[PDB]
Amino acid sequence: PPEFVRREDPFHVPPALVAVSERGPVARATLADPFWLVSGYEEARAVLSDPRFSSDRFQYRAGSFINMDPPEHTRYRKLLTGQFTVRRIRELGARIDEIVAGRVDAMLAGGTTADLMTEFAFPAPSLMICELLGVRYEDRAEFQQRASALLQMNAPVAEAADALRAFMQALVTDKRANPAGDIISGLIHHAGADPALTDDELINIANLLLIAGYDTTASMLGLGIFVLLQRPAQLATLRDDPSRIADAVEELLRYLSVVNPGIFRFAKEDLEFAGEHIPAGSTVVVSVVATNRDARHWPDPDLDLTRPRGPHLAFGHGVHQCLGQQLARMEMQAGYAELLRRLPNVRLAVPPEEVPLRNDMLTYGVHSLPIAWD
């Protein structure tokens, strides 16, 4: 229902979500059939930690643990979390530091303008996923090609883009043959899997890591700059007080809420949660944007990079919180800092209302971002 998915601009919650949120923190709406929308922050964490609710749309390839419930979800997640070791995070963070520098090095070498999405926001997230999956330098062109084949937009799998699946097929075979330090190697060689992951499981996880971390991280990075460019006092705070970068990124996650139209749950059971009667199989969707703006939790919900960090729902809650949230944070922290610091007097190169937003996409963001500097 488009009125729930559409965002006119990023500084307001959609009027229809605001209408529903007025009825209740959890409130029925009509699809097509009634589903519920959660706009309350405590209510959201409550549905997300609640086990009467499923991530399986159909029940009430494989290895795709984001639509799985524990026990089965928990087996893969724990394999995935275990390979997210300190040694990985440290190396990936240094890679990430290198990545954001090369893209800015390339923007500055190019002239005084760029489209931010082309030259920084899609490329930085993309290259980090390369490092994560152990994609070699000579294969990144091929890799960057096959995965900007999302138009417009979102898809599992690729129905049966095998081209991407085919690339991942070769990579895994490669990894079994020659084990490096990447996430695919560890799962195969060092995650202690019993039973051992199959090629299909391994392919399906690799795509999910790209899919899950790529649009979201790129939409965050582009939209965050776009918002800073319209809110010059905020931009200065981040650019001028560089030690406050950890708090700023946490604010953009909460204010921008790129996950649109929200996190999805289904009721395994007939249930009553917060006074509502919910038949089995009914969609429950947590609106990330509305909830991160709950006035009961945040008296002032407007954007403040001055604000000290607290929890928000941009990365989900409970058993499925982004596996990638620490990598996304390092890239968002590294990437916003490098642009504001290295691009003098950065500004939009076209008027703000001319900028193209993604309202025909699941993940909220910007299509193009023309910018200038000096």
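Just count from 1 along the sequence shown to find any residue number.
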property	result
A32-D33 interval: deposited residues absent from the model	1 to 3
Missing from the model but present in the deposited sequence, between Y60 and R61	10 or more
Selected stretch [higher average CA B-factor]: 346 to 354 or 14 to 22	14 to 22
Entry-level comparison of average CA B-factors, 38 to 46 and 313 to 321, reporting the higher stretch	38 to 46
Residue, from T217, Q234, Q152, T118, that the PDB entry assigns the highest Cα B-factor	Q152
Top Cα B factor in the deposited entry, candidates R95, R103, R296, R77	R296
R176 - which third its CA temperature factor falls in, relative to the rest of the chain	middle
For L208, the third of its chain into which the C-alpha B factor falls	middle
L256 by Cα B-factor - lowest, middle or highest third of the modelled chain	middle
Record-listed C-alpha B factor of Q169: chain third	highest
For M68, the third of its chain into which the C-alpha B factor falls	middle
